[PDB]
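*Asks:* Take a look at the following structure, please.
Note: ideal-geometry Cβ built from the backbone for every residue, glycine included; neighbour counts use all protein chains shown. Read-outs: derived from the displayed coordinates by stated rules, not from any lab.
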2 protein chains.
Amino acid sequence: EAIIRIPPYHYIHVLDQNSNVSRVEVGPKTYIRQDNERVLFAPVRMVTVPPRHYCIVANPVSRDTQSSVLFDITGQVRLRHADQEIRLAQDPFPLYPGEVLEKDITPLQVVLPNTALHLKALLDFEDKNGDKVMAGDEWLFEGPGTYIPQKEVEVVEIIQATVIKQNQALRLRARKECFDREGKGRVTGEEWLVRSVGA
Amino acid sequence: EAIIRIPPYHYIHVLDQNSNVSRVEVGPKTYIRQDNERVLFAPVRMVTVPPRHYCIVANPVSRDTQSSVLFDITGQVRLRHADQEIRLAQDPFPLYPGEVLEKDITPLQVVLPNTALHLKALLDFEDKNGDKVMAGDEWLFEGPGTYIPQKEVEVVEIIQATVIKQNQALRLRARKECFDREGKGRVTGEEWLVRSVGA
């Protein structure tokens, strides 16, 4: 049929045979497809992002400084393809053709006050405070709070802060040429203790 | 049929019977083949290179200093044939006829801080800092970071940095007329120790 029924908060993708490109048709419109227009799939609910959650969709539409969806000269949505987009929280928005949903309504991580996060970067990127982070740079994020899951930063594991009770010390061991809290040269294979009561 | 359907991000190869050569026809176009034109294969997704990955395709199109795809006088794409091309990360690009895909979306290697890479050159090439590398020259790349896989450089194995704890030393042995950290003449078959605590 040439008649389509789009509810107020649903979207579809139409591949125009003549216009030779695809585009998004956000509702609410019970739009009628032209003879050239062909609908791909049935109406699907908008990509909703409740608060206190997050999602990331690959191949984001590359928007300019005005955050407008730039359509290509041919007519297809201009995607970044390789890159990704960090979606924190907003109203239910339409997916554009060529966008692959990777994460969807996944809960925002919650770091406990007595734990941290182990982080891999994967290539170089500029940090929040203008810090150049290598592809193999190691970052630690202690809470409490809520870190934002980035496309340039990956979470490895959960660090459990070992508690040291009174008249105790913690045997450590360094896996690289690093510096501990006491600022002493910590070569690989060296061991040392902690001299402060507390987590 | 004379009608072809190319999605926005797919490509094919057409061998023109009269134009007597092949060329790439990048989309998005539901192009109609002429009577001389004959399509080889069905639409295939563009060669996509996500970030933090890499790929290398043999027989690259030899581009000039402007990085334009030079078409031959006959009309075929000018390939380097023997040579290769190092593709780091970019938008999904079309393969040209005569290009054989060797690597595709292979993850970029990640060197651990306490490991290195064993490298073979294979012929002579100019290094990053203008260093002439022989076909049999031996290079070591210690991390952490991300080395770029080159067409002129080959990775052999993974070196595990042996850790030397306190009051210990490492028994070494030289396989060539080389120089160790102490700058003493190290002939083949000679053995010596390491006199520094650390990895």
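*Asks:* If I ask for residues that are over 25 Å from residue A:117 (Cβ atoms) and facing chain B (nearest Cβ under 10 Å), which ones from the stretch A:161-190 would you list?
*Replies:* A:185, A:187, A:189, A:190
*Asks:* Could you list all residues from the stretch A:108-130 that are closer than 21 Å to residue A:163 by Cα and assigned to a strand (DSSP E or B)? Show your work before the answer.
*Replies:* Taking the stretch A:108-130 and keeping what is closer than 21 Å to residue A:163 by Cα, we get A:110-118.
Hits for the stretch A:108-130 are A:111, A:115, A:116, A:117, A:118.
*Asks:* Just the residues that are more than 14 Å from every other protein chain (Cβ to nearest Cβ), buried (at least 17 other Cβ atoms within 10 Å of the Cβ) and under 15 Å from the mean Cα position of the chain (by Cα), please, taken from the stretch A:72-98.
*Replies:* Scanning the stretch A:72-98 gives a single hit, A:87.
*Asks:* Let me ask something else. Give the stretch B:49-107 a look and list any residue that's under 24 Å from residue B:154 (Cβ atoms), of a type in the set (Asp, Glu) and assigned to a loop (DSSP other than H, G, I, E, B), or say none.
*Replies:* B:83, B:99, B:102, B:104
*Asks:* Which of the residues that make up the stretch B:33-48 are hydrophobic (A, V, I, L, M, F, W, C) and within 14 Å of chain A (Cβ to nearest Cβ)?
*Replies:* Taking the stretch B:33-48 first, the residues hydrophobic (A, V, I, L, M, F, W, C) are B:39-42, B:44, B:46-47.
Hits for the stretch B:33-48 are B:46, B:47.
*Asks:* Condition test on residue B:30, is it within 14 Å of another protein chain (Cβ to nearest Cβ), of a type in the set (S, T, N, Q) and in a loop (DSSP other than H, G, I, E, B)?
*Replies:* On the way: within 14 Å of another protein chain (Cβ to nearest Cβ): yes; of a type in the set (S, T, N, Q): yes; in a loop (DSSP other than H, G, I, E, B): yes.
Yes: the conditions hold for residue B:30.
*Asks:* Please go through the stretch A:111-140 and pick out each residue that is over 21 Å from residue B:53 (Cα atoms), free of Cβ contacts under 8 Å to residues at least 40 places away in the same chain and hydrophobic (A, V, I, L, M, F, W, C).
*Replies:* A:111, A:112, A:139, A:140
*Asks:* Test each condition in (1) farther than 30 Å from residue B:163 by Cα; (2) in contact (Cβ under 8 Å) with a residue 40 or more places away in the chain; (3) within 14 Å of another protein chain (Cβ to nearest Cβ) for residue B:51 and report the one that comes out false.
*Replies:* Exception for residue B:51: condition (2).
*Asks:* Can you tell me which condition residue B:107 does not meet? The list is (1) within 14 Å of chain A (Cβ to nearest Cβ); (2) more than 15 Å from the chain's Cα centre (by Cα), and all the others hold.
*Replies:* Only one criterion is unmet by residue B:107, namely (2).
*Asks:* Next question. Kindly indicate the residue of the stretch B:36-48 that is in a loop (DSSP other than H, G, I, E, B) and either of a type in the set (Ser, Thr, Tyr) or without any contact (Cβ under 8 Å) to a residue 24 or more places away in the chain (or both) and also farthest from residue B:18 (Cα to Cα) among those meeting that condition. Can you show your working first?
*Replies:* Of all residues in the stretch B:36-48, those in a loop (DSSP other than H, G, I, E, B) come to B:36-38, B:40-43, B:46.
Add one more test, that the residue is either of a type in the set (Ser, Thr, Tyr) or without any contact (Cβ under 8 Å) to a residue 24 or more places away in the chain (or both), and what stays is B:36-37.
On the way: B:36: 6, B:37: 8 Å.
Looking at residues that are in a loop (DSSP other than H, G, I, E, B) and either of a type in the set (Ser, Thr, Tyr) or without any contact (Cβ under 8 Å) to a residue 24 or more places away in the chain (or both), I get B:37.
*Asks:* Which one of these does residue B:158 not meet: (1) within 20 Å of residue B:85 (Cα to Cα); (2) more than 14 Å from chain A (Cβ to nearest Cβ)?
*Replies:* (1)
*Asks:* On to the next question. For the stretch A:1-27, give me the residue count where each residue is surrounded by 12 or more Cβ atoms within 10 Å (Cβ to Cβ), within 14 Å of chain B (Cβ to nearest Cβ) and assigned to a loop (DSSP other than H, G, I, E, B).
*Replies:* Residues in the stretch A:1-27 being surrounded by 12 or more Cβ atoms within 10 Å (Cβ to Cβ), within 14 Å of chain B (Cβ to nearest Cβ) and assigned to a loop (DSSP other than H, G, I, E, B): 5 in total.
*Asks:* Just one of (1) touching a strand residue (DSSP E or B) at 6+ places or on another chain (Cβ under 6 Å); (2) farther than 21 Å from residue A:135 by Cβ; (3) in contact (Cβ under 8 Å) with a residue 60 or more places away in the chain; (4) not polar (S, T, N, Q) trips up residue B:83, so point out which.
*Replies:* (1)
*Asks:* Still on this structure: Give all pairs with beta carbons closer than 9 Å in which a residue from the stretch A:93-104 that is over 16 Å from residue A:15 (Cβ atoms) meets a residue that is in a loop (DSSP other than H, G, I, E, B); count only pairs at least 6 apart in sequence or on separate chains.
*Replies:* A:93/A:26; A:93/A:46; A:100/A:59; A:101/A:95; A:103/A:149
*Asks:* I've got another one for you. Just the residues that are under 30 Å from the mean Cα position of the chain (by Cα) and hydrophobic (A, V, I, L, M, F, W, C), please, taken from the stretch B:144-177.
*Replies:* Passing the criteria: B:148, B:153, B:155, B:156, B:158, B:159, B:161.
*Asks:* Can you name every residue in the stretch A:131-146 that is assigned to a strand (DSSP E or B) and either out of contact with any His (no Cβ under 9 Å at 6 or more places or on another chain) or of a type in the set (A, V, I, L, M, F, W, C) (or both)?
*Replies:* Step one: list which residues in the stretch A:131-146 are assigned to a strand (DSSP E or B), which gives A:132-133, A:138-142, A:145.
Scanning the stretch A:131-146 gives A:132, A:133, A:139, A:140, A:141, A:142, A:145.
*Asks:* I'm checking my understanding of the structure. Among residues of the stretch A:156-199 that are in a loop (DSSP other than H, G, I, E, B) and of a type in the set (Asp, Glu), which one is nearest to residue B:168 (Cα to Cα)? Quick ask: steps written out before the conclusion?
*Replies:* We begin by selecting, within the stretch A:156-199, every residue in a loop (DSSP other than H, G, I, E, B); these are A:161-163, A:165-171, A:174-177, A:180-184, A:187-190, A:193-197, A:199.
Next, from what is left, pick out any that are of a type in the set (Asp, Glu): A:177, A:180, A:182, A:190.
On the way: A:177: 18, A:180: 23, A:182: 25, A:190: 12 Å.
Among those residues, the one meeting the criterion is A:190.
*Asks:* Within the stretch B:92-112, can one find any residue that is over 21 Å from residue A:82 (Cβ atoms) and aromatic (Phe, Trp, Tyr)? It would help to see each step written out before you state the result.
*Replies:* Restricting attention to the stretch B:92-112, the residues satisfying the condition of being over 21 Å from residue A:82 (Cβ atoms) are B:97-98, B:100, B:111-112.
Still in the list and also aromatic (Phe, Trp, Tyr): none.
No, every residue in the stretch B:92-112 fails to be over 21 Å from residue A:82 (Cβ atoms) and aromatic (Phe, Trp, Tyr).
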